[PDB]
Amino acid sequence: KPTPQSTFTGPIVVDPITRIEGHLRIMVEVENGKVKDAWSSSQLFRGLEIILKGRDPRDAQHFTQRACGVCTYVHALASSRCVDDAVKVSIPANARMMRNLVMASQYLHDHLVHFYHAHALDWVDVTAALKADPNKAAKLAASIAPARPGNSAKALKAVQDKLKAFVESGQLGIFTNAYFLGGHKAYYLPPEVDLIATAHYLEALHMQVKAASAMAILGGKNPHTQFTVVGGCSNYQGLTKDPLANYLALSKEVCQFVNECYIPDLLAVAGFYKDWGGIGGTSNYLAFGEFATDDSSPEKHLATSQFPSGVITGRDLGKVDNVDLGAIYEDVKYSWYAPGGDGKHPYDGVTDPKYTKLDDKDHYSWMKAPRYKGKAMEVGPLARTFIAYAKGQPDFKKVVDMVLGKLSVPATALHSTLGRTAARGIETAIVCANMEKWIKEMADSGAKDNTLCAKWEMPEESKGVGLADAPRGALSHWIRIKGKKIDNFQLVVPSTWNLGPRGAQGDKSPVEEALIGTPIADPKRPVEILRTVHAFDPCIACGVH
């Protein structure tokens, strides 16, 4: 039962970090098998904020959507909220509903793919699945999840046979040099659990197609939706009966998979890795909220989000503070930007690239370092979960307590890599639990009202902010309009908060802090680093833009 840990003392660099979006280099210093220092070094700059200068504010959302195609949609949404605020238009109720449903669909797609296709390979030894007894696996699956044909011995055996043929082919493809090949002490699961998870990994590749089709009924296409406009949305067809019936049907299929496969697999894995409830914790959490009933202003978004906004500091769940948008700023001291850029509120943001050299610990990332009232903030599912749980949000109370009871852990165990992973599933289940209600709301509204875009006029000079809680956390886009054109456009993105470098005072970002204390069983195959990094669900294209 002790967590495996070598005596290794020395540096470890992992570049590329695979099974994330974008280009990340992690450096750590290790002593006696535990990480003692860490650096999160983002390795690509594109410069979308620069590109936007002088352009038509209506065009922003089309450019900024291309910050990232994994969290597709969310930047189009934040830019649309931002320009709607800058032009002082309140979007119609139907547009709020449609925009928020597309966000919900995104959460379902994104979190399912993350757990199975990005994160699972850190916990699941796929090759060990070939050793499982498929009948024992079927019996176990029947004890831990709803009855389903894909969990039958016949179905699990068919998976095993496909995998066996692939491994024996001599071309391991995406499994080439996997850390679990040949056995790895940090991989704990029984073969039968590996087989169940692997079967679901393959099913999830098909289910994510359906999740994206649902999203596209309202969004136009996925990736990169095309249904938002200044003042609301363009998709009148998405208010109508047959499309919404198809959207519900697909969403119910996806949610059945969440409830039958994702949550039971997540809890099974969590049960074997309970030690990871004591690894990878941070202390401060931020959310702008999402799923608001009033999106007529940023303040109303913060106040009326059904996944609430807030700030937690020092792990204190007894108090959630209101978000003060004026208190957000970004540092560049440890980033690849010109000196003189520290302490900038995003309305005053500056994006002046200045590269030094690889592994310069004075300047080691293309991400800025966002800070709040001087503190680093973790954003994302765990932040949302703690904020909602602390406030007594009834769906989060119910589903969190379900998980705490199943694992026999307190809420404090969620301040961890296991907790971060768990929270992602908790909120996916909650989104699923709300889809029928949200869809009915929109269907009934669209049947009685086809207002979808409000009238508006471009101001000569203005400013605005668009807030969203994207799958990875608190997203904000900030515009200064002058001469009816973009004078400044700043993105501050969730992976910027989580995976940026140190701030002006030398203070580690959330991922850097979380990596301190990571045990390393085998320094040549440092899966433990991946477990924590992947738990934050990094997106470097998002983070740097």
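Residue indices: 1-based, along the sequence shown.
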query: Mean C-alpha temperature factor, higher of 482-490 and 60-68; finding: 482-490
query: Mean C-alpha B-factor comparison - 521-529 and 14-22, higher one; finding: 521-529
query: Residue, from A141, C453, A104, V209, that the PDB entry assigns the highest Cα B-factor; finding: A141
query: Identity of residue with top Cα B-factor, from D110, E168, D85, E427; finding: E168
query: Assigned third (lowest, middle, highest) for the C-alpha B factor of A413; finding: middle
query: Third of the chain, ranked by Cα B-factor, where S335 sits; finding: middle
query: Where the record places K344 (Cα B-factor, split into thirds across the chain); finding: middle
query: Within-chain third of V320 by Cα B-factor, per the entry; finding: highest
query: Chain-relative CA temperature factor third for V89; finding: middle
